[PDB]
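When reading the values below, keep in mind they use all heavy atoms of this one structure, side chains included, and skip hydrogens, waters and symmetry mates. Chain identifiers are assigned alphabetically (A, B, ...) following the order of the sequence lines, protein sequences preceding nucleic acid strands; residue numbering begins at 1 within each chain.
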Amino acid sequence: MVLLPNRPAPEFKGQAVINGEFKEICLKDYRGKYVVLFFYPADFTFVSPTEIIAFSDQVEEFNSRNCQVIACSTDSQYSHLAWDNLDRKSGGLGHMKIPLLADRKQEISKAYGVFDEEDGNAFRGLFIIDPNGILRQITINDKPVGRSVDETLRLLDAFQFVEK
Amino acid sequence: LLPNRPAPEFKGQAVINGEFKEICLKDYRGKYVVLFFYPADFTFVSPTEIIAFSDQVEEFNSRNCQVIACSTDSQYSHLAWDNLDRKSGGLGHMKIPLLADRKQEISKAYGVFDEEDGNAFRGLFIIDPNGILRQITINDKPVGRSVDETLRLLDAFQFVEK
Amino acid sequence: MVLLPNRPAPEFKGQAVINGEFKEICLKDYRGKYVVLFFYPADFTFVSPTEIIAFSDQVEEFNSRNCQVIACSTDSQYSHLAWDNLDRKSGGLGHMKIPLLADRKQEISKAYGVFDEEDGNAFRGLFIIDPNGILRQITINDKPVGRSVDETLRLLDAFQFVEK
Amino acid sequence: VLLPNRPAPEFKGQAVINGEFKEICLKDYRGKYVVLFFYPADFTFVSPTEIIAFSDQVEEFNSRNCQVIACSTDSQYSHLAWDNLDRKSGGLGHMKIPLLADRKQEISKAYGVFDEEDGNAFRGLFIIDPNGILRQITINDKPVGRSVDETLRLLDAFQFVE
Amino acid sequence: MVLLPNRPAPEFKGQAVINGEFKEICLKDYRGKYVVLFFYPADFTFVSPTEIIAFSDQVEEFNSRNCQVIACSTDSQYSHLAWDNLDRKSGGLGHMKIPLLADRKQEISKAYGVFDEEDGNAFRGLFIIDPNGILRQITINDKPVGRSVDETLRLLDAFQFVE
Amino acid sequence: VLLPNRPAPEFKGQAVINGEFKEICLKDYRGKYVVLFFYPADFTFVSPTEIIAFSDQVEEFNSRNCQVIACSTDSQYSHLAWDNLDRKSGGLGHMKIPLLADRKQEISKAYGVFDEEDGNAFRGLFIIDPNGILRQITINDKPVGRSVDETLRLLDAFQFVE
Amino acid sequence: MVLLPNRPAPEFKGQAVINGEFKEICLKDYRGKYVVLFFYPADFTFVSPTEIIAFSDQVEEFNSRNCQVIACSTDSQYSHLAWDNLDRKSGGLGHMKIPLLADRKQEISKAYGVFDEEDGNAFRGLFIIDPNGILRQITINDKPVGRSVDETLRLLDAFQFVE
Amino acid sequence: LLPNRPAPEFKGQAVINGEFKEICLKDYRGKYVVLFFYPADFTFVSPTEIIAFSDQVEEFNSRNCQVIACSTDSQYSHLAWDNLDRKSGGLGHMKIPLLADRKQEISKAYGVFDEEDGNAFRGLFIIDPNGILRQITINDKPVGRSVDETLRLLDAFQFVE
Amino acid sequence: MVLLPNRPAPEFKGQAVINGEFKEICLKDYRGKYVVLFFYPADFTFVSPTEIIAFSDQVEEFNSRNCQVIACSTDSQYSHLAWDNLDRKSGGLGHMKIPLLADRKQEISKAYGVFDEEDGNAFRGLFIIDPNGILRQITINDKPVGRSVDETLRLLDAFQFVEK
Amino acid sequence: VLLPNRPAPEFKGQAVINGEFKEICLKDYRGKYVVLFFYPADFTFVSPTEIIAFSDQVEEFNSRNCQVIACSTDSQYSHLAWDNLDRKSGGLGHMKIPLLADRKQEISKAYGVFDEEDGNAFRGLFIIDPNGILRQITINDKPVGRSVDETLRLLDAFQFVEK
């Protein structure tokens, strides 16, 4: 059905573009931190990728909250690096402040239940994961509609409150 | 559960304007539906949520949207809570319907049912005028939901619906 | 299932309202004492409070008999506590001298075979259980019709007579 | 699975009525209430006191539009013999209620009063309505008998709320 | 699965009326002796009492032949005791010289293959078993026709000749 | 094991009659009683004195409208050879009783007399009425023979109650 | 489906008539020697005794080859013995020089695949088995048609020349 | 595999006279058929058998019988083997059909298929004009079959017909 | 298992970039013409475009042989388009004279057995399919090694010879 | 699925080398590259051109540390006879490469080149690395043959890739 809160988040592992470079990352690496893992359908189509860029520009709001924000797609790492190295006016991302994770085997976005079998693209999900790897928040949007940084930080603040 | 798919059907007994009516999703065809879940009656944050939505109900009326609240509690718990006034830990008199899922069917169909306590996680679902599910939100039980954010999403979906 | 007498009574464990407080209780707590476990369909109803109050006012008849009465419903412990705190004039229970057990996962009502798949409410069952946790008597009433204290008392007296 | 909003299990069998063999089924009793009670065996101590106690009170059930049937796994011949046996000698005297014989153990298993530990049914009592729907379930451990008065009370309540 | 002569007789354990009183018995209680186990449909009937009585009157023949005769029906022991206490004039057995076995759970007559599923009654069987607990003779009659003590004596002698 | 209220199992086989092979069925004998009896093997000791004892008494079964048939797992050829032989050498002399061959083991297995150890029948005797309904089952351990007069008695009793 | 050469012959065990006397024989007994195991449908027939006698008269031909001939049929050992007591002029075997093997339970005929489900009799098979119990030659004839001792001998000779 | 039953149907490429021709058992209705198997082409004891059956072919023609040789080799191996003279180790050009069982159906359906290699045991099967199996012979690979015994058998079956 | 020649080739249908535009194409579109379907692991990779390009420059060779060449990978058509608008000076494709087919759903590469479960990319496959949709030639190269235009031309010619 | 980066299917069988029978397997060839190629049948038209073409060039592969092996569903005897037959006569001359008989169909089935409609292998070609890991896969429909120069090119490319 749906992933449930108060259950361990699905393990993910994969190639990510981090600071213009390819790195193998997984969920276990983030132990001790909150994690916002959000998905988007594709590279090189938005047609203005304002949403991911919004999370990249607000990133210190998350870093001060002891939270790591990770963007993810079914595109490969090369498509990711290419999209990132392209400047915003030209349609690209510009250079992002968050990791761009590529799941090319579809298994990650399937593990989080956001995978759409029609286009082979992920619906835009957002998942909040606690320092121990437990799932807290599940947000899944239809593709045409984006997500809010403020809401994400409100939720995060609430969970960190219930924490202490 | 996924967006852009037909929303799971539900039929249930509900408290509407101080009395029982059986309602189903098919009845709301032609307008959006916000269906939200809460763990139990006679609790702390849940009534704050429900009262928040019911007090903002005109915002949903102007958007042609119908908000419904749901619990695994019986319609009798629901009605007793509806009759209890705000200051005494009641709901006052609610301007949105209270759906009772006593067979656990609706919570399970929407995948918000928690096998641990027999209660629902706090789910919120935006369903389109054709009965297609546009949005899925699921909150861990300690944390509530925003009416503002819901309205934002609703406005986005209605904007994209041309 | 219909349960049969002279067999071990199904184990139950759950949260209950006792003295207006949440406790966790189970059948094995009552070893050495008889247990009358009776069910009713729902809180904030009509015949159920008359039943429960009738059994509550008589609690010393059961206690002098070394027997523990427990009421059970599919309602939560919050609905139970809310009803219990409501006075009789306002339609509540006044204040109950017997434990009000919430079976919210349906497990207890199902293990005793009194669960109704139709409305998700228990039929009015009543079960007498000896200090060894063995089932003694079975009474299951249709929802409109209630149960008698003096009859349960009679049954109890009989079982304790043939006990030793 | 045995629960009292449902149609009662249909029984059919040979019975002793006024000292003769007569085949009866549940459907012959449409329009009336039925109290169907089981006892472990013929030619015992506790059981005849129950059968005699109910048969002596038979007018209370007749006044209530109800038919009382006793059932055991014994053959109809054992039934007949016990019936012919004088009250003083441990017999039933001549019964005013039908004595149902379940030799195949189908009716005891149908009402779930049969225990494989021995060949006998528990002391069951089932109140069934004019439409053949089950109302009351009672199952006693074998040493402990049953009350006529409680049966009358139950009957009165069911007939009252109907 | 069919029960045959050279195979070990099916074990049975049940309640019996012996000399007026209740006692639990089993086949192994009878090891060291021959056993004639005969079934009848029910207590308080017509053809059965003359038969069982006819066996009980000849009981000394079986005794002197080192044989134990056991009668079995699906009735309980209270029915058995009842029928045994009833004097013969009334249609009772008078007091039997052989045990009356009760199989209420139907498992004994089912184990010997004599159980009718049309009613809860046993077909009229007879089984000759040896001191080692092995089957010897199997005889099943239609209910309208009774059994002969003479033929059972002949069979018993015939087996005791060979073993 | 067989019960005697039921249709007797159907057999079809090669029989030796008057010293010649003929194909027989149980249905050829309808309207008549039938005694079907089994023996382990040809060219043995007890079986010939049995079959001969029955063959000499054939007139007794004739007057009762009953047909006696001997059956074994031997072929029709061993049956024939056994017949043509003289009673001094162990043979049967010449039989008035048909010798049925069960070479497929069908007829013995259908009557439940088949021994899997040596692959041949115990001593069965089955009384079947004119309608093909099974009446009497008798099964003897191999070393012990059967009574002609007990069979005649049973025949008379069944015919009596008929 | 059918037995195969260069694979261990199916083990057989049972009662056989040897020199007018019953014996219990099996294929293990004959290890170290060749075996010709042949089947015939029934005792007291026309062609089968022709075959059997033809093989019995020449037994010394198989003895000089270190080979044992064994005849087998679904008839019992008693029918076998009776057939072996009968003169050849009277339709019997005379007194046989080869083991006459009864397979009553039809195990041996079925293990060798020759069993006819129709009449309950074996087709006329012939099997040649080496000193290690390994199956070499397989011959199965329709029932009206018999076999040659000459050809059997030929086969044996070829196997032994190859051995 | 018993001889009262209809013989398993075979279909396949045969080499007759040096050409590829499709044949099947039902082509042969009304005649007796002896089907014999051999392990492989270009082997030592097989060509002698096959040649012995071929030099005697008319013995089978007088009896209304068709002899067919069959193996698991391809029709190209059959052709190559059949063209080659015996002085060079071939069959010369011979009078009976050479059936290729490449898909190994025919050998498996007749129970002559060995699974240690891909070859058929030397089977010999006699089949009546109505396509019913009469005689079953299976020899271990080192040992060959007689033509005289085959004629004898065929005569016996023809007589009992 | 691997595909075989002389059997109907798996039907592919997908979204493709032709002349800088999106168009839905399938296999049955190409009836009457031969089809060379070749797979490559990913867009925006290091040297793969040199192979794809080598095939692109030679398109006339295939066109005069009545063959249609199709390039296919698991990238989205958006990646395809971006890479096909990138000049080779940047490492892009220049512009392709060959249709760029996008198998996002992994269906085509799975059905053609060239999909590998390790990185979620296709191996370097090549499939020669006659005008009736019958598989004729199968070539599968390990990712590090490219293929040849000339051997493909030779095979194409051979199949066109034996067709007549 | 049969894919490049996985270890190649292990094959074992009787092959002909220098007009002589050797049993070989894949495990023999560790340390060397291996080109395995399949053809439908012996004594055909197209296939001998291929086999001879690969053979006459054998040293080109030997110098590249590669072992070229040909395989068909024919026996080793067909292989041998075809190898003895002169080229002018349509034979193989004398092979400089191993000729591998798959008579059990196993090797051909393991490489997915087996054609059920035939019993003959499609013409496959498989390049295997020294470590036993597959590299290249090519399968032709039967009428179309394969190129030696392209094989050499592929080999060069792989070895240049790894070194």
Query raised in the report: Between J:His79 (side chain) and J:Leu100 (backbone), is there a donor-acceptor pair under 3.5 Å?
Result: yes
Report task. Using modelled atom types only, decide if a donor and an acceptor are shared between the side chain of I:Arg124 and the backbone of I:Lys143 within a distance under 3.5 Å. Result -> yes
Under 4.5 Å from any heavy atom of chain J - which part of [X]:
| X | value |
| --- | --- |
| I:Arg154 | side chain |
| I:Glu117 | both |
| I:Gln137 | both |
| I:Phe123 | side chain |
| I:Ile134 | neither |
| I:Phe115 | backbone |

Is it the case that [X] and [Y] place a side-chain donor and acceptor less than 3.5 Å from each other?
| X | Y | result |
| --- | --- | --- |
| J:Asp83 | J:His94 | no |
| I:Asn141 | J:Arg135 | no |
| I:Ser109 | I:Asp103 | yes |

Requested in this report: Apply side chain to side chain contact (heavy atoms under 4.5 Å, CB included) to the pair J:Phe126 and J:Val35, showing each step before the final yes or no.
Outcome: CA-CA 6 Å; J:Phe126 298 92; J:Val35 167; over 6 Å; no
**Report entry** Contact listing (chain I partner; residues 44-77 of chain J; heavy atom under 4.5 Å)
**Finding:** none
Requested in this report: Test side chain to side chain contact (heavy atoms under 4.5 Å, CB included) on I:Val17 and I:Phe22 and set out the steps.
Outcome: CA-CA 5 Å; I:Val17 193; I:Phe22 294 152; 3.8 Å; yes
Query raised in the report: Are the charged groups of J:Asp86 and J:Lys88 less than 4.0 angstrom apart, N to O?
Result: yes
Query - Winner by heavy-atom pair count (cut-off under 4.5 Å) against chain I, out of J:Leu3, J:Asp115, J:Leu2, J:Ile127 - result: J:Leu3
Query - Between J:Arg146, J:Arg6, J:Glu117, the one whose heavy-atom pairs under 4.5 Å with chain I are most numerous - result: J:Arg6
Report task. Measure up the I:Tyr112 and I:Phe39 rings against each other and bin them: parallel (under 30°), tilted (30 to 60°), perpendicular (over 60°). Result -> tilted
Query raised in the report: So, for J:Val1 and I:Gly113, which heavy atoms are closest and what is the spacing to 0.1 Å?
Result: CG1-O, 3.3 Å
Report task. Against chain I, label J:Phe160 side chain, backbone, both or neither, depending on which of its atoms sit under 4.5 Å from a heavy atom there. Result -> neither
